[PDB]
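Engineer: Dumping the structure here so I can ask a few things about it.
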Amino acid sequence: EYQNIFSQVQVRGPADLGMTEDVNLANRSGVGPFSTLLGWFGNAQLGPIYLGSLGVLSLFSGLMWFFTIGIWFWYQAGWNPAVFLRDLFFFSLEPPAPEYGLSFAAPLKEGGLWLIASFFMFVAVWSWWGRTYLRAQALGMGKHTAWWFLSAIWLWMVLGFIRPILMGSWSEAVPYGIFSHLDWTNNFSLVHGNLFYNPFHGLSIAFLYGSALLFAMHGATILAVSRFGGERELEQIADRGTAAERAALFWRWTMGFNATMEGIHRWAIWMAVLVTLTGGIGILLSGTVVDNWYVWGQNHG
Amino acid sequence: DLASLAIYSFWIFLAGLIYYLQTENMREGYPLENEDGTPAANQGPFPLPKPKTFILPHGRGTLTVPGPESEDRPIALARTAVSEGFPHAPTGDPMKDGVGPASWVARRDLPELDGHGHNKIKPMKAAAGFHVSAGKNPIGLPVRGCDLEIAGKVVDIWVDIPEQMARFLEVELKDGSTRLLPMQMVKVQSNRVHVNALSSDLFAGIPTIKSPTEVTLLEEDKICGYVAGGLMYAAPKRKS
Amino acid sequence: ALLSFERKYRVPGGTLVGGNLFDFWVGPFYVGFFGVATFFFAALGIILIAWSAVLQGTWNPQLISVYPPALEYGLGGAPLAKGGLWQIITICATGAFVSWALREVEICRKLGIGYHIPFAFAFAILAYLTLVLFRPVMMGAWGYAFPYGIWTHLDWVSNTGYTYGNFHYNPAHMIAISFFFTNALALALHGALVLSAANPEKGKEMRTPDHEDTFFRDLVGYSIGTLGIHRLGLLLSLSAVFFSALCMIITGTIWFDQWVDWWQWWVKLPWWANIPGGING
Ligand code: BCL
Ligand code: BCL
Ligand code: BCL
Ligand code: BCL
Ligand SMILES: CC[C@H]1c2cc3[nH]c4c(c3C)C(=O)[C@H](C(=O)OC)c4c3nc(cc4[nH]c(cc(n2)[C@@H]1C)c(C(C)=O)c4C)[C@@H](C)[C@@H]3CCC(=O)OC/C=C(\C)CCC[C@H](C)CCC[C@H](C)CCCC(C)C
Ligand SMILES: COC(C)(C)C(=O)C/C=C(\C)CC/C=C(\C)CC/C=C(\C)CCCC/C(C)=C/CCC(C)CC/C=C(\C)CCC=C(C)C
Ligand SMILES: CCCCCCCCCCCC[N+](C)(C)[O-]
Ligand SMILES: CCCCCCCCCCCC[N+](C)(C)[O-]
Ligand SMILES: CCCCCCCCCCCC
Ligand SMILES: [Cl-]
Ligand SMILES: [Fe+3]
């Protein structure tokens, strides 16, 4: 009856300071603390973390983005902490009105702060992307993580940058607020004739559902063969074991085809990549090429 | 219309992607075989991919796939029917012969290495700095099989050093020898370790390892397959 | 018709019903009693859809739609053309899915592996059953279930959501979404990580899991580990569906007003309810 979801007995040894390869060791922190809590489910060890100039840039900008939104919120709360907590999900840092187009001439309280916040976000995200590339390179690894991250950045860029530019104003971009950005999302669909008629929205859902399907399948499969060392996937790729064979045959016998220990991760990365890839396409086409998806669907064109 | 061109182009892309993904996933186990081990007439609609070569660390060589597949071991099973598609019966003791859910693969008879080229799995007593950090420490507990008899006692954890995790319990038997039991196949309780997969009389048959301080990938596969096999093959000995 | 490594696994045993009667394969597919059951249910279901197609008029899969009984039938049976076919097809669908899960259990038993896969599938089945069985029954009518049609089931989704305003404001729905998004993120990162180690820079040796831990520690200050990531993917995916089911079972039953208004409970807490300023003062 043991299912290997939570560990029964945790072991700890000396802190693992990691592989060196071409990493600049001067930019690595010391190891952080060990969490017994985390250790029931994953690794207990926190850190070390690599923090070079590009990482410091990214973190600083991220915090500045976060703090810029926060300061606006406090202002909206009248600097009252009770109102701040009460109305937290209701505050919103909104982009410039359509009148200001794509210019940076809007006042601080009427779009200017939104532009400042967005600049910090832009720098944070893109510097984090370079860092994702560079940490892989220092370890001699492939750039798959950076290539995937680019597909996610695509949707984000379309929503806040590329689409607004193509539509001729920052007013088209997403506001920074919990409820407000949900309101924006709902409105976006209403104004574009219901996104359920956008074929790329449909695809995006297929892949989003499909990612849950696939990770349920894969996660379950690997736990099911963990009694044969199944989760040691790199060595199973290099030297197929009974874990890998039983995993394949479960699926072969169930649905008539199967994967390999390596190839399932290609299915994985692509399922997830295609969520934001098709998504960004669907959003970018909305209002630039297609004003109304229902109308488009009736044609189709 | 640009959206029409986009969606049309996307479906063409998706078909090619699926074709690519399927062929990538034929790098093990293909070409398909008949039950007698000869090549099957029907290989499906996907051709084998062009080979790739993995360069293995620590002078372990390379792996090129797809490549000539062979089991590299005798398989003690025989047909139960005169036509294709039926089960194959063990010709001896399937636990001893390593077939069915007791199967193992002829993996490399060397241990998995960590990134620094040291053995990935070691007994905790030889693993410097390693200790139990939380949960019930199983070392010293009696080990009970599915027949509700004591098969032995826990004398160490085997630990994954890089991933800081318990991987096997080492159990000493009545004769003073020891066996490894996969950590995923035991239940640590306050007063015992219980093993549902095996009855007490089957512990002696757990494949032994050659060295006291390391386990090879071949050894792990034999141990793990054997223990998993008991769920099917020890069922008449499993008290309910 | 076998993988090169498959024969040694094709032994007798593992069946839950029938002994050896259905213990065989067709090509790659394992049969068993529940394979026969799945076939029966799936075939009857598809036949009844194909026939419902005719009573509707069409053979275009983008038009074919089987609607549940109108609300006036309540929880009773309905004539075949006016809901009965939907009811029978729903029984077949449930039978098919459950038989598929139990067949997976037989396959686990023959292979000596854990039952994690059919356990996970059962979450999907329960989500399906929440929408066509549990919710409709709690609301007193089969007509609250979704119709079986490629596009018509999407009509039901927006119709049902907009009954409660912007459905974004369902708090269980918010949690469900957060798990779906995080699951897709984790799936991406896992696939990319393994492939980045297995397929390193040209000419280099395969990396090890130590390199995988190191990459993520360098990047975010933590690595969950190779066991942890598979546990996480399973958790996130199943939690997404659990909260999906929850967000719907409570809608039209416990809560049936505009979801946006639910949130006033927080705003109206006595200690800050009447403090001037902000959005709500
Ligand atoms: C009423 C609203 C409209 C609608 C409007 C839109 C709009 C508008 C969009 C989508 C988009 C999507 N919709 Mg839709 N959507 C509707 C109905 C649905 C239904 C349904 C069952 O009815 C479903 C399943 C979906 C599903 C989807 C997704 C497949 C897709 C987003 C993918 C993704 O990962 O985004 C998440 C990706 C992100 C980059 C954002 C999440 C960020 C990451 C993943 C999480 C980080 C959070 C971090 C931990 C915390 C940060 C701190 C805070 C700042 C405090 N929609 C209805 C019809 N939908 C997007 C799309 O691609 O459309 C084509 C999009 O732009
Ligand atoms: C989950 C919440 C809502 C819902 C909301 C939405 C929304 C919103 C969307 C879909 C979309 C889809 N939904 Mg729906 N859908 C629901 C319930 C279901 C059920 C079910 C039995 O419960 C099924 C079978 C489907 C099936 C489908 C697909 C037609 C399409 C892509 C899904 C996908 O790739 O998933 C992940 C699974 C995989 C990738 C594996 C492949 C699964 C294949 C594609 C299933 C085909 C089903 C087939 C056409 C019909 C049954 C076949 C029988 C033999 C007759 N939905 C419930 C009621 N669904 C999208 C669409 O484009 O619709 C037109 C879309 O935008
Ligand atoms: C994709 C189309 C839309 C969009 C549509 C939606 C929709 C629809 C939803 C979100 C949600 C979220 N979005 Mg959004 N989102 C978009 C773009 C973005 C971008 C971006 C940089 O592009 C960001 C940073 C965000 C940020 C966020 C987060 C604030 C939030 C959940 C994050 C998450 O996955 O946590 C991961 C965390 C977990 C997996 C753990 C679970 C706990 C989390 C924190 C649940 C929080 C919800 C709430 C507070 C719970 C209340 C219940 C009470 C406790 C009783 N959005 C675009 C514009 N987004 C969800 C939300 O909760 O909004 C409030 C939501 O429902
Ligand atoms: C206007 C519409 C409303 C809205 C109204 C609704 C409604 C209404 C519903 C959801 C539901 C969901 N919505 Mg919402 N939703 C909106 C906006 C969004 C947005 C967004 C970005 O704006 C997102 C991300 C979501 C996200 C979600 C998910 C949390 C949830 C769907 C997954 C699910 O139930 O899976 C569960 C999976 C299944 C049901 C699939 C079961 C599969 C079965 C078991 C097997 C099928 C086999 C099949 C027949 C194939 C065989 C043939 C071939 C061999 C393949 N919504 C807007 C605001 N949303 C649904 C939900 O939570 O349902 C519980 C729901 O009913
Ligand atoms: C619980 C987490 C996620 C999950 C997990 C999951 N799904 C799974 C599994 C698991 C672990 C399997 O093992 C199993 C499988 O074999 O996958 C390959 C399965 C499965 N998930 C599937 C689909 C699926 N899963 C989904 C969702 C999810 N599955 C979750 C997000 C979805 C959606 C909409 O999100 C879909 C469409 C199937 C590919 C497969 C199950 C196949 C099966 O049950 O086969 C037997 C039945 C038939 C072959 C045909 C039945 C025909 C009916 C009698 C008639 C049709 C009636 C139907 C209701 C009409 C619907 C019309 C639509 C237009 C709405
Ligand atoms: C506790 O109090 C203090 C003050 C300490 C705080 O720190 C409080 C902080 C908060 C309360 C923070 C609250 C934060 C939120 C609620 C944030 C919400 C964020 C979202 C929901 C964001 C959603 C979507 C955003 C998107 C899609 C943005 C995309 C942006 C871009 C693509 C960037 C575009 C760049 C532009 C327009 C400028 C570019 C100019 C150049 C010159 C490059
Ligand atoms: C990893 C690739 C495999 C997944 C294939 C998904 C196909 C989904 C079909 C949905 C089509 C809906 N659209 C987009 C026509 O509305
Ligand atoms: C969206 C999922 C895509 C399903 C892919 C279907 C292709 C499976 C066919 C593989 C045939 C197996 N053979 C015959 C190669 O062994
Ligand atoms: C998404 C469309 C369903 C695809 C079903 C594929 C079935 C593959 C059977 C393999 C036969 C060997
Ligand atoms: Cl990242
Ligand atoms: Fe994996």
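By order in the structure tokens, chains are A, B, ...; within a chain, residues start at 1; ligands start at 1, following the order shown.
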May I have a table of the residues of chain A lying at most 12 Å from ligand 8, giving each one's closest pair of atoms and their distance in Å to one decimal, counting only C-alpha atoms and all ligand atoms, ordered by chain and ascending residue number, as JSON lines?

Structural biologist:
```
{"residue": "A:203", "atom": "CA", "partner": "ligand 8", "partner_atom_place_in_ligand_line": "1 (C)", "distance": 11.8}
{"residue": "A:206", "atom": "CA", "partner": "ligand 8", "partner_atom_place_in_ligand_line": "1 (C)", "distance": 9.6}
{"residue": "A:207", "atom": "CA", "partner": "ligand 8", "partner_atom_place_in_ligand_line": "1 (C)", "distance": 9.6}
{"residue": "A:209", "atom": "CA", "partner": "ligand 8", "partner_atom_place_in_ligand_line": "1 (C)", "distance": 11.7}
{"residue": "A:210", "atom": "CA", "partner": "ligand 8", "partner_atom_place_in_ligand_line": "1 (C)", "distance": 8.5}
{"residue": "A:211", "atom": "CA", "partner": "ligand 8", "partner_atom_place_in_ligand_line": "1 (C)", "distance": 11.2}
{"residue": "A:213", "atom": "CA", "partner": "ligand 8", "partner_atom_place_in_ligand_line": "1 (C)", "distance": 10.9}
{"residue": "A:214", "atom": "CA", "partner": "ligand 8", "partner_atom_place_in_ligand_line": "2 (C)", "distance": 10.1}
{"residue": "A:248", "atom": "CA", "partner": "ligand 8", "partner_atom_place_in_ligand_line": "16 (O)", "distance": 11.3}
{"residue": "A:249", "atom": "CA", "partner": "ligand 8", "partner_atom_place_in_ligand_line": "16 (O)", "distance": 11.3}
{"residue": "A:251", "atom": "CA", "partner": "ligand 8", "partner_atom_place_in_ligand_line": "12 (C)", "distance": 11.1}
{"residue": "A:252", "atom": "CA", "partner": "ligand 8", "partner_atom_place_in_ligand_line": "12 (C)", "distance": 8.3}
{"residue": "A:253", "atom": "CA", "partner": "ligand 8", "partner_atom_place_in_ligand_line": "16 (O)", "distance": 11.1}
{"residue": "A:255", "atom": "CA", "partner": "ligand 8", "partner_atom_place_in_ligand_line": "8 (C)", "distance": 8.7}
{"residue": "A:256", "atom": "CA", "partner": "ligand 8", "partner_atom_place_in_ligand_line": "12 (C)", "distance": 6.6}
{"residue": "A:257", "atom": "CA", "partner": "ligand 8", "partner_atom_place_in_ligand_line": "12 (C)", "distance": 4.9}
{"residue": "A:258", "atom": "CA", "partner": "ligand 8", "partner_atom_place_in_ligand_line": "12 (C)", "distance": 7.5}
{"residue": "A:259", "atom": "CA", "partner": "ligand 8", "partner_atom_place_in_ligand_line": "10 (C)", "distance": 9.6}
{"residue": "A:264", "atom": "CA", "partner": "ligand 8", "partner_atom_place_in_ligand_line": "2 (C)", "distance": 11.9}
{"residue": "A:267", "atom": "CA", "partner": "ligand 8", "partner_atom_place_in_ligand_line": "2 (C)", "distance": 9.2}
{"residue": "A:268", "atom": "CA", "partner": "ligand 8", "partner_atom_place_in_ligand_line": "2 (C)", "distance": 11.8}
{"residue": "A:270", "atom": "CA", "partner": "ligand 8", "partner_atom_place_in_ligand_line": "1 (C)", "distance": 11.3}
{"residue": "A:271", "atom": "CA", "partner": "ligand 8", "partner_atom_place_in_ligand_line": "1 (C)", "distance": 9.3}
```

Engineer: List as a VMD selection string the protein and nucleic acid residues lying within 10 Å of ligand 7, with only C-alpha atoms and all ligand atoms counted.

Structural biologist: (chain A and resid 196 to 211 214 266 to 275 278) or (chain B and resid 7 10 to 11 14 to 15 17 to 18 21) or (chain C and resid 62 150 to 151)

Engineer: Taking C-alpha atoms for each residue, export the selection above as an mmCIF file, in the first residue's frame.

Structural biologist:
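What landed in result.cif:
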```
data_model
loop_
_atom_site.group_PDB
_atom_site.id
_atom_site.type_symbol
_atom_site.label_atom_id
_atom_site.label_comp_id
_atom_site.auth_asym_id
_atom_site.auth_seq_id
_atom_site.Cartn_x
_atom_site.Cartn_y
_atom_site.Cartn_z
ATOM 1 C CA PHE A 196 -14.539 30.557 -28.216
ATOM 2 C CA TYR A 197 -14.785 31.266 -31.967
ATOM 3 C CA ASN A 198 -11.046 32.004 -32.151
ATOM 4 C CA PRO A 199 -9.493 28.756 -33.453
ATOM 5 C CA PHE A 200 -6.161 29.530 -31.808
ATOM 6 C CA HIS A 201 -7.972 29.982 -28.455
ATOM 7 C CA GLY A 202 -9.507 26.546 -28.945
ATOM 8 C CA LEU A 203 -6.067 25.098 -29.678
ATOM 9 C CA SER A 204 -4.577 26.847 -26.672
ATOM 10 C CA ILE A 205 -7.212 25.167 -24.469
ATOM 11 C CA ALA A 206 -6.541 21.762 -26.072
ATOM 12 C CA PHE A 207 -2.869 22.125 -25.091
ATOM 13 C CA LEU A 208 -3.655 23.501 -21.618
ATOM 14 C CA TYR A 209 -6.011 20.616 -20.885
ATOM 15 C CA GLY A 210 -3.495 18.369 -22.678
ATOM 16 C CA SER A 211 -0.681 19.499 -20.365
ATOM 17 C CA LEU A 214 0.065 14.557 -20.052
ATOM 18 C CA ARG A 266 9.641 15.951 -26.173
ATOM 19 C CA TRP A 267 5.900 15.360 -26.011
ATOM 20 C CA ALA A 268 6.084 17.233 -22.680
ATOM 21 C CA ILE A 269 7.929 20.335 -23.838
ATOM 22 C CA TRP A 270 5.818 20.659 -26.988
ATOM 23 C CA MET A 271 2.429 20.189 -25.275
ATOM 24 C CA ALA A 272 3.348 23.060 -22.927
ATOM 25 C CA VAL A 273 5.096 25.279 -25.524
ATOM 26 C CA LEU A 274 2.042 25.149 -27.796
ATOM 27 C CA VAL A 275 -0.243 26.571 -25.077
ATOM 28 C CA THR A 278 -1.031 29.268 -30.282
ATOM 29 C CA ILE B 7 -4.656 28.359 -38.940
ATOM 30 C CA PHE B 10 -0.596 25.661 -38.083
ATOM 31 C CA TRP B 11 -2.354 22.345 -38.829
ATOM 32 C CA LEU B 14 1.128 20.186 -36.084
ATOM 33 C CA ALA B 15 0.972 17.120 -38.396
ATOM 34 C CA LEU B 17 5.385 17.821 -35.318
ATOM 35 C CA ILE B 18 3.369 14.714 -34.421
ATOM 36 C CA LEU B 21 7.481 13.113 -32.118
ATOM 37 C CA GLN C 62 -19.349 20.062 -36.369
ATOM 38 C CA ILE C 150 -18.174 19.852 -30.571
ATOM 39 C CA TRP C 151 -19.406 23.479 -30.601
#
```

Engineer: Find the residue from A:137, A:68, A:298, A:171 that sits nearest to ligand 1; use only C-alpha atoms and all ligand atoms when measuring.

Structural biologist: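 Answer, going by the shortest atom-to-atom distance: A:68.
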
Engineer: Give me, as JSON lines, the closest atom pair and its distance (Å, one decimal) for every residue of chain C within a cut-off of 8 Å of ligand 3, counting only C-alpha atoms and all ligand atoms, rows sorted by chain and rising number.

Structural biologist:
```
{"residue": "C:168", "atom": "CA", "partner": "ligand 3", "partner_atom_place_in_ligand_line": "8 (C)", "distance": 5.6}
{"residue": "C:169", "atom": "CA", "partner": "ligand 3", "partner_atom_place_in_ligand_line": "66 (O)", "distance": 7.5}
{"residue": "C:171", "atom": "CA", "partner": "ligand 3", "partner_atom_place_in_ligand_line": "52 (C)", "distance": 4.8}
{"residue": "C:172", "atom": "CA", "partner": "ligand 3", "partner_atom_place_in_ligand_line": "52 (C)", "distance": 6.5}
{"residue": "C:173", "atom": "CA", "partner": "ligand 3", "partner_atom_place_in_ligand_line": "66 (O)", "distance": 6.2}
{"residue": "C:174", "atom": "CA", "partner": "ligand 3", "partner_atom_place_in_ligand_line": "66 (O)", "distance": 3.4}
{"residue": "C:175", "atom": "CA", "partner": "ligand 3", "partner_atom_place_in_ligand_line": "45 (C)", "distance": 4.4}
{"residue": "C:176", "atom": "CA", "partner": "ligand 3", "partner_atom_place_in_ligand_line": "66 (O)", "distance": 7.5}
{"residue": "C:177", "atom": "CA", "partner": "ligand 3", "partner_atom_place_in_ligand_line": "66 (O)", "distance": 5.2}
{"residue": "C:178", "atom": "CA", "partner": "ligand 3", "partner_atom_place_in_ligand_line": "34 (O)", "distance": 3.5}
{"residue": "C:179", "atom": "CA", "partner": "ligand 3", "partner_atom_place_in_ligand_line": "39 (C)", "distance": 4.0}
{"residue": "C:180", "atom": "CA", "partner": "ligand 3", "partner_atom_place_in_ligand_line": "39 (C)", "distance": 7.4}
{"residue": "C:181", "atom": "CA", "partner": "ligand 3", "partner_atom_place_in_ligand_line": "34 (O)", "distance": 5.2}
{"residue": "C:182", "atom": "CA", "partner": "ligand 3", "partner_atom_place_in_ligand_line": "34 (O)", "distance": 5.3}
{"residue": "C:183", "atom": "CA", "partner": "ligand 3", "partner_atom_place_in_ligand_line": "39 (C)", "distance": 7.8}
{"residue": "C:236", "atom": "CA", "partner": "ligand 3", "partner_atom_place_in_ligand_line": "39 (C)", "distance": 7.2}
```

Engineer: Residues of chain A within 7 Å of chain B, using only C-alpha atoms, as a list in words?

Structural biologist: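 The selection requested is residues 2, 4, 8, 9, 10, 11, 12, 13, 14, 226, 227, 228, 238, 239, 240, 241, 242, 259, 260, 263, 266, 267, 285 and 301 of chain A.
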
Engineer: Please produce an output containing C-alpha atoms for each residue in the selection, written as a PDB file, in the first residue's frame.

Structural biologist:
```pdb
ATOM      1  CA  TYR A   2       2.955   2.504  -0.024  1.00  0.00           C
ATOM      2  CA  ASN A   4       5.688   7.067  -2.876  1.00  0.00           C
ATOM      3  CA  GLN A   8       8.764   7.864   4.696  1.00  0.00           C
ATOM      4  CA  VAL A   9      12.312   8.573   5.931  1.00  0.00           C
ATOM      5  CA  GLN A  10      14.435  11.639   5.075  1.00  0.00           C
ATOM      6  CA  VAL A  11      18.247  11.434   4.966  1.00  0.00           C
ATOM      7  CA  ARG A  12      20.628  14.396   4.990  1.00  0.00           C
ATOM      8  CA  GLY A  13      24.319  14.650   4.126  1.00  0.00           C
ATOM      9  CA  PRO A  14      26.742  17.511   3.500  1.00  0.00           C
ATOM     10  CA  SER A 226       9.646   4.251  -9.170  1.00  0.00           C
ATOM     11  CA  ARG A 227       9.927   0.792  -7.527  1.00  0.00           C
ATOM     12  CA  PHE A 228      12.398   0.055 -10.376  1.00  0.00           C
ATOM     13  CA  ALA A 238      21.383   5.912 -21.623  1.00  0.00           C
ATOM     14  CA  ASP A 239      20.723   2.318 -20.584  1.00  0.00           C
ATOM     15  CA  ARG A 240      17.060   1.272 -20.764  1.00  0.00           C
ATOM     16  CA  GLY A 241      15.848  -0.593 -17.656  1.00  0.00           C
ATOM     17  CA  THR A 242      12.742  -2.574 -16.693  1.00  0.00           C
ATOM     18  CA  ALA A 259       6.918   6.693 -25.760  1.00  0.00           C
ATOM     19  CA  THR A 260      10.529   6.325 -24.718  1.00  0.00           C
ATOM     20  CA  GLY A 263      10.796  11.038 -26.141  1.00  0.00           C
ATOM     21  CA  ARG A 266       9.641  15.951 -26.173  1.00  0.00           C
ATOM     22  CA  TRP A 267       5.900  15.360 -26.011  1.00  0.00           C
ATOM     23  CA  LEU A 285      -4.740  38.475 -34.561  1.00  0.00           C
ATOM     24  CA  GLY A 301     -12.168  35.316 -43.346  1.00  0.00           C
TER      25      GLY A 301
END
```

Engineer: Tell me which protein, DNA and RNA residues are within 8 Å of segment 193-204 of chain C, counting only C-alpha atoms, leaving out same-chain ones fewer than 2 positions away, and put them as an MDAnalysis selection string.

Structural biologist: (chainID A and resid 136:137 140:145 233:234 237 262 265:266) or (chainID B and resid 54:55) or (chainID C and resid 189:191 206:209 211:212)

Engineer: Can you list every residue in segment 130-250 of chain C that DSSP puts in alpha helix (DSSP H), as a PyMOL selection string?

Structural biologist: chain C and resi 135-139+152-162+171-198+209-220+226-249

Engineer: Select, from C:4, C:60, C:38, C:130, the residue with the minimum atom-to-atom distance to residue 97 of chain C, counting only C-alpha atoms.

Structural biologist: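 The closest residue to residue 97 of chain C is C:38.
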
Engineer: From the set A:219, A:55, A:81, A:98, which residue has the shortest atom-to-atom contact distance to chain C, counting only C-alpha atoms?

Structural biologist: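 Under the stated criterion, the closest residue is A:219.
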
Engineer: Which protein, DNA or RNA residues have an atom within 10 Å of ligand 10, counting only C-alpha atoms and all ligand atoms, as a CSV table (one decimal) with N, CA, C and O atoms, in the first residue's frame?

Structural biologist:
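Written output follows (selection_34.csv):
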```csv
chain,number,residue,atom,x,y,z
A,125,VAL,N,11.9,40.6,-17.1
A,125,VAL,CA,11.6,39.3,-17.9
A,125,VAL,C,12.7,39.0,-18.8
A,125,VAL,O,13.2,37.9,-18.9
A,128,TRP,N,15.9,37.9,-17.2
A,128,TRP,CA,15.7,36.6,-16.7
A,128,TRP,C,15.8,35.6,-17.8
A,128,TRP,O,16.3,34.5,-17.6
A,129,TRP,N,15.4,35.9,-19.0
A,129,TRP,CA,15.6,35.1,-20.2
A,129,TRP,C,17.0,34.9,-20.5
A,129,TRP,O,17.5,33.7,-20.8
A,131,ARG,N,19.5,35.0,-18.6
A,131,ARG,CA,20.0,34.3,-17.5
A,131,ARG,C,19.7,32.8,-17.6
A,131,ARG,O,20.5,31.9,-17.3
A,132,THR,N,18.5,32.5,-18.0
A,132,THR,CA,18.1,31.1,-18.3
A,132,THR,C,19.0,30.5,-19.4
A,132,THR,O,19.4,29.3,-19.3
A,145,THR,N,15.3,25.1,-22.1
A,145,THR,CA,14.6,25.9,-21.1
A,145,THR,C,14.4,27.3,-21.7
A,145,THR,O,13.3,27.8,-21.6
A,146,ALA,N,15.5,27.9,-22.2
A,146,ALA,CA,15.4,29.2,-22.8
A,146,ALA,C,14.5,29.2,-24.1
A,146,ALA,O,13.8,30.2,-24.2
A,148,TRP,N,11.9,27.2,-24.7
A,148,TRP,CA,10.5,27.1,-24.1
A,148,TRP,C,10.1,28.5,-23.5
A,148,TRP,O,9.0,29.0,-23.8
A,149,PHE,N,11.0,29.1,-22.7
A,149,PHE,CA,10.7,30.4,-22.0
A,149,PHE,C,10.2,31.4,-23.0
A,149,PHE,O,9.4,32.2,-22.8
C,185,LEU,N,3.4,25.1,-16.7
C,185,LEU,CA,4.7,25.6,-16.4
C,185,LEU,C,5.7,24.5,-16.0
C,185,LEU,O,6.8,24.4,-16.5
C,186,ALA,N,5.3,23.7,-15.0
C,186,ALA,CA,6.1,22.6,-14.5
C,186,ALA,C,6.4,21.5,-15.6
C,186,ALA,O,7.5,21.0,-15.7
C,188,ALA,N,6.5,22.1,-18.9
C,188,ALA,CA,7.5,22.8,-19.7
C,188,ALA,C,8.9,22.6,-19.2
C,188,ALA,O,9.8,22.2,-19.9
C,189,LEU,N,9.1,23.0,-17.9
C,189,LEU,CA,10.4,23.1,-17.3
C,189,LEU,C,10.9,21.7,-17.1
C,189,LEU,O,12.1,21.5,-17.4
C,216,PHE,N,19.0,24.5,-11.8
C,216,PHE,CA,17.8,25.1,-11.1
C,216,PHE,C,18.2,25.8,-9.9
C,216,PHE,O,17.6,26.9,-9.5
C,219,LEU,N,19.7,29.0,-11.1
C,219,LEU,CA,18.6,29.8,-11.6
C,219,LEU,C,17.6,30.4,-10.5
C,219,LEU,O,17.5,31.6,-10.4
C,220,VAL,N,17.0,29.6,-9.7
C,220,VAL,CA,16.0,30.0,-8.8
C,220,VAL,C,16.3,29.8,-7.3
C,220,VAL,O,15.6,30.3,-6.4
```

Engineer: Tell me, in Å to one decimal, how far atom 10 (C, counted along the ligand's line) of ligand 9 is from atom CA of residue 78 of chain B.

Structural biologist: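 Interatomic distance here is 26.8 Å.
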
Engineer: Atom CA of residue 222 of chain C and atom CA of residue 23 of chain A, how far apart in Å?

Structural biologist: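 Between atom CA of residue 23 of chain A and atom CA of residue 222 of chain C the gap works out to 16.8 Å.
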
Engineer: Compare A:250, A:72, A:156, A:67 by their minimum atom-to-atom distance to chain C, counting only C-alpha atoms, and give me the closest one.

Structural biologist: A:250

Engineer: So which one's closest to ligand 1, A:296, A:84, A:73, A:66? Using only C-alpha atoms and all ligand atoms, please.

Structural biologist: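 That would be A:66, the residue with the smallest distance to ligand 1.
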
Engineer: Quick one: residues within 12 Å of residue 153 of chain A, only C-alpha atoms, excluding same-chain residues fewer than 6 positions away - as an MDAnalysis selection string?

Structural biologist: chainID A and resid 121:122 124:129 146:147 159:162 273 275:277 279:280

Engineer: Which residues are near segment 103-105 of chain A? Cut-off 10 Å, only C-alpha atoms, ignore same chain within fewer than 2 positions. Put them as number ranges by chain.

Structural biologist: A: 96, 99-101, 107-108, 110-112, 115-116, 168-170

Engineer: List every residue of segment 20-180 of chain C that DSSP, applied to the backbone, labels as strand (DSSP E or B), and write the result as a ChimeraX atom specification.

Structural biologist: /C:25-26,29-30,66,148
